[PDB]
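Here you get one chain, nothing else, as structure tokens; it is the form deposited in one PDB entry.
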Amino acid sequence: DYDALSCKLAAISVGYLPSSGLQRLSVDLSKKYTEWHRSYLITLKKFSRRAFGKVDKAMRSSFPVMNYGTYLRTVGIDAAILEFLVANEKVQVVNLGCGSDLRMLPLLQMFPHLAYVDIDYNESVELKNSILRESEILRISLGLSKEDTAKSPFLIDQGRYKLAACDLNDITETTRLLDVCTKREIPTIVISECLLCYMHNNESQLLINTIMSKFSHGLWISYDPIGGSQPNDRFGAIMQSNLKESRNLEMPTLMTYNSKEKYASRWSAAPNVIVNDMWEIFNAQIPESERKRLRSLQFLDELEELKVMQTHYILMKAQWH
């Protein structure tokens, strides 16, 4: 999760984010997008010297190619969310594996009838609860008090926002949490940003079939990497070796779902499944005005190196009713 936060703060410091066109942010909410994430880094220092040390040095060692990958990852997920929230005013979002994601701050503001539900491991949501309650600007955005006033499973439960500890590998614990914070009939958006890659095939497939069957109308926006379908494409072999040799983590279903078609077949129950890798989103969805703006920030010397990386990431959008 500290990798994901290092990417977002490096993109904001250079200028890549916020993109007020694609994210549909106002003048005040564009300023607040920068001020909320900056106060998340300063407050993270107060609560952890080790976590601030890894996030600070990763920010400053960020390359232009990696900043283009964070831009497409953020405005890609945001473009799918905002199209669904405009067509449907009463919606509830369930951000599975949220981490340090702060997209609920501008989205709750922009949509009065929007509920939101951050869900992550116990350790991740305890640090996120400490940062939102400590900072003054993050407190005012969610209307929180400084103390831990919430009860039982929820660390936060103020108005139209809910932070909750939950083992997503456990399906019995996942459904029981969704019974108390969501309703069956209300349109839903399920975001799995960098979650299903770290899970085995049994835990991920049961999470997809159970949540889709729980709600009537919805839209699953899942972002993840793929191993690569071409022969002699060892991007998936390099990343699996880089994860264990670094901090002892795994990506069990990387080589299994090595293409955008195989990844999209997990949501085959849903009748409307689209899927496009992040290089296709760079050439199609991103306007010409936006690409000129990113060129003014940094020198993208190796555009082919950006294509090799971004074709090994995807954005799936399943929709059922």
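Just count from 1 along the sequence shown to find any residue number.
Heads up, the form deposited with a small molecule bound isn't pictured, but that's what we're talking about next.
Residues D120, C166 and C194 are all found to lie within 4.5 Å of the small molecule in the deposited complex, as judged by heavy atom distances. Of the listed positions (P225, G76, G99, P106), a single one reaches within 4.5 angstroms of the small molecule by any non-hydrogen atom in the deposited complex, namely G99. The single contact residue among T182, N209, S130, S124, judged by any heavy atom lying within 4.5 Å of the small molecule in the deposited complex, is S124. Residue heavy atoms within 4.5 Å of the small molecule in the deposited complex occur in exactly one stretch of 166-174, 214-222, 80-88, 141-149, and that stretch is 166-174.
Residue contact with the small molecule in the deposited complex: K317 places no heavy atom within 4.5 Å of it.
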